[PDB]
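So the structure is just underneath, and the comments pick up after that.
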Amino acid sequence: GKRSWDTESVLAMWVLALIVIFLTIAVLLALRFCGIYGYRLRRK
Numbered sequence: 430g431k432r433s434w435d436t437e438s439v440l441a442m443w444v445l446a447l448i449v450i451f452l453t454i455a456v457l458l459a460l461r462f463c464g465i466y467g468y469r470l471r472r473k
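What follows is the structure, encoded as structure tokens:
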């Protein structure tokens, strides 16, 4: 149909969404792992 939908764009959007999910999750796991560590010695 050559309408426009270059699945490349659709393909591209799920890659960006997944990058965001990993970092989002990464931070919470690390925030907590470091949270129980008292890591946050930094609270000046």
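Quick note on the deposited numbering: the sequence shown kicks off at 430 and runs consecutively. Positions of the beta carbon are idealized from the N, C-alpha and C atoms, including for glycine.
Coarse secondary structure for residue i, derived from DSSP in three states
| i | result |
| --- | --- |
| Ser438 | helix |
| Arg432 | coil |
| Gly467 | coil |
| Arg472 | coil |
Proximity test, residue i beta-carbon vs the ligand FMN heavy atom, cut-off 8 angstroms
| i | result |
| --- | --- |
| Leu470 | The ligand content of the structure shown is nil, which means the ligand FMN is not present either. |
Min CB distance residue i to chain C below 9 angstroms
| i | result |
| --- | --- |
| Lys473 | Given the protein chain composition of this structure (a single chain), no chain C is represented. |
Contact belief for residue i with residue j at Cβ below 8 angstroms, rounded distance in angstroms
| i | j | result |
| --- | --- | --- |
| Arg472 | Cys463 | So it is not a contact: roughly 13 angstroms between Cβ atoms. |
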